[PDB]
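Here's a solo chain for you in structure tokens, the form deposited in one PDB entry.
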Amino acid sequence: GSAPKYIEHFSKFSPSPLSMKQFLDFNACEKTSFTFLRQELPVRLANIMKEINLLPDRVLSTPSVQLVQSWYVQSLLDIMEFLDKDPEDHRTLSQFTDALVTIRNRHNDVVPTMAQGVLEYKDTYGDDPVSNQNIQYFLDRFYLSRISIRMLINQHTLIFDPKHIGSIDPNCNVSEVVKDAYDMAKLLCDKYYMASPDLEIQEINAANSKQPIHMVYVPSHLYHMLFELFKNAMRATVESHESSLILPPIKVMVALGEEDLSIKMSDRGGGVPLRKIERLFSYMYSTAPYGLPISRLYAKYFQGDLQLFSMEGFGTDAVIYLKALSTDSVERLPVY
């Protein structure tokens, strides 16, 4: 097979970061999505794949890793078939959309799969702080790559099967997403614990004090983040107040500045000591048999961040930082 040489060739290129604007203005035809994607997906696949091969042999050769490696190889090849094929012919384009579907689905399990490699590495070689920085280093990169691949694939399959533009909403009402996520967390909350804290939203539109706040974002990404955060702050809030009678609400503030859109979630769940805050964002230190770390990646993906500050004995604030303007929302992609 050619697999290694394909990887060699396409890993000389660099992934091409797109902006939400550049995403938005796409439909400027499938032909163009097609010809773009058949080059770029191979690039992004190759780049992470060569980085996977920089992993030391004791990691490199466990079942978990070798398993995802096989998936990425089959994908690269699945996409290969379409290099000499041409557009104008509408079955080329249709067979492609189908190929993009199969790939996305094949990869639905990378998270639990990799997570398994961390566990067998913990039990096999130790949980030292160095291993931890490499695992952290490698996975932050690996997942992020992975997210952007999905982003491309979803932009294609959804548009070339209007208010929305695929996975993007150009009029994303943030509190709308905040509540939905809240409502879903509460449901799970009311089931397991049969109590649940309330929600207070407040907006602060700096430039336009009385205007409801809208942005251009990918709302499922935003849902995902807010969801984990609500889960966590509910869980804490309940268990911290099980001998008490009052259950403190979860206050969220959504704030819009000249370049930031920022979302704080404040809970009175009894806090976490400074010492333990790193552990929460660590893939290794929070592995037992998404979480915060993956939700963070989503934040980073379009030049955002997601941060935590607690006060032990009281509560935790968690902040989602997003870029306010489509121009600033460029993809953050790892490169080899």
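Don't overthink the numbering: it's just position in the shown sequence, from 1. Basically, rigid core = biggest C-alpha set you can superpose within 1.5 Å across the two forms.
Per the records, residue 288 is among the residues left out by at least a third of the other compared entries, whereas the shown structure includes it.
In this entry, residue 26 is separated from residue 27 by 1 to 3 residues of the deposited sequence that have no coordinates. In the deposited entry, the stretch joining residue 289 to residue 290 is interrupted by 10 or more residues of the deposited sequence lacking coordinates. Per-stretch averaging of Cα B factors for 203-211 and 224-232 places 203-211 on top. Of the two stretches examined, 126-134 and 256-264, the record assigns the greater average C-alpha temperature factor to 126-134.
In the deposited coordinates, the residue among 108, 145, 113, 237 with the greatest CA B-factor is 108. Each of 152, 184, 139, 79 has a CA temperature factor in the record; the biggest one is found at 79. Among all modelled residues in its chain, residue 170 ranks in the middle third by Cα B-factor. Annotation for residue 217: C-alpha temperature factor in the lowest third relative to the rest of the modelled chain, per the entry. Per-chain ranking of the deposited C-alpha B factor places residue 54 in the highest third. For residue 61, the recorded CA B-factor ranks within the highest third of the chain. Only modelled residues enter the ranking.
When the modelled residues of the chain are ordered by C-alpha B-factor, residue 307 sits in the lowest third.
The following text describes the form deposited in another entry, which does not appear among the structures shown.
Only one of 128, 259, 239, 198 has its C-alpha shifted by 2 Å or more between this form and the one not shown once the core is superposed, and that residue is 128.
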